[PDB]
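Here we start with a single chain on its own, the form deposited without ligand COA, put down as structure tokens.
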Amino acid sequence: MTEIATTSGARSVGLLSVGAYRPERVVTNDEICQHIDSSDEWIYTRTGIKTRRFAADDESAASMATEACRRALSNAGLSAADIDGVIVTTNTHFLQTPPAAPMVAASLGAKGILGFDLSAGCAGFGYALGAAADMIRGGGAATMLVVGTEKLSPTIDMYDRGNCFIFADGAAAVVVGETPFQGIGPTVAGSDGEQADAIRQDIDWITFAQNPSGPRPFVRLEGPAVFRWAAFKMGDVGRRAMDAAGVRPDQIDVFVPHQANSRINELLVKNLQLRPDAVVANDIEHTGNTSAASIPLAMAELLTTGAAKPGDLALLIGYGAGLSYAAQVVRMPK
């Protein structure tokens, strides 16, 4: 009887490199407070944030994704010609269509390679990485680009006081391909749609379009709800990711949680029973919460300062919007 064929690729997959792009402009809490009622100290105190980058007007999630990919390719010693596909994960591509992925591939000179946009709120990176690994192992690609990119600044209500100092822009990509050793552990993910409102665009685009003189949409954040959720639930997610990867808490060298808030992550570093000398990402201090691009930008920073070395065993935990989370254990890139 005719049977549909089954294919497969390299069983061992890993992060060949990481490339990060940060917008030239810097924005201080004071600059922020020059339109808000609070302190440049109460900010960096309740949220380890001191400064963040805002992209120019002529930039987009797509353009920053492209530059991030160029850097990842160079850091991996590859050219666009070595890439089989690209997954752009973002929440700020301001067009219902076309997707950013095909445009990014074109800008890289990457022919008609497959690609798509993945949106899972802040945890889109973990979902995209897992997807790239599954595709490569399944034989649908051999080498891929996974880039998290975000241009949130244009969606911030400078008068929100609840998040205007939280979100920021930026993009970071990783090259995923075959490695001698297993570099990407099993994906652990889930969500809580019951709390979809905790991080949302308040007005949908069509309603706004039908009421142009009415209020325009802005990103709203129910900080406490998110703070509690992550702090209390990401510890369990961390253990599952380690368990699935067959690793124990004490074997983790690097911890890269979503750069949502220092207070949440410091609490997680303790609840995960990581060893005392475990390196922890704190890229948020001068980058803020870049949602989907957060983790890959944080990984790049840890490597940047040498705090993390290639080969290091890291625990990645993305949590955020939609109330989605995605985690995995990986071997640091570059």
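From 1 onward, residues are counted along the sequence shown.
Absent from the display: the form solved in complex with ligand COA. The rest refers to it.
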I need the one stretch from 271-279, 53-61, 305-313, 39-47 whose residues put non-hydrogen atoms within 4.5 angstroms of ligand COA in the deposited complex. 39-47
Looking in the deposited complex, any heavy atom of residue 223 within 4.5 Å of ligand COA? yes
Please tell me whether any heavy atom belonging to residue 227 falls inside 4.5 Å of a heavy atom of ligand COA, as the geometry stands in the deposited complex. yes
Spell out, yes or no, whether the shortest heavy atom distance between residue 199 and ligand COA in the deposited complex is within 4.5 Å. yes
Does at least one non-hydrogen atom of residue 241 fall within 4.5 angstroms of ligand COA in the deposited complex? no
If the cut-off is 4.5 angstroms on heavy atoms, which of these, 261, 191, 143, 187, is the one near ligand COA in the deposited complex? 261
If we test each of 110, 131, 252, 166 for a heavy atom within 4.5 Å of ligand COA in the deposited complex, the one that passes is 166
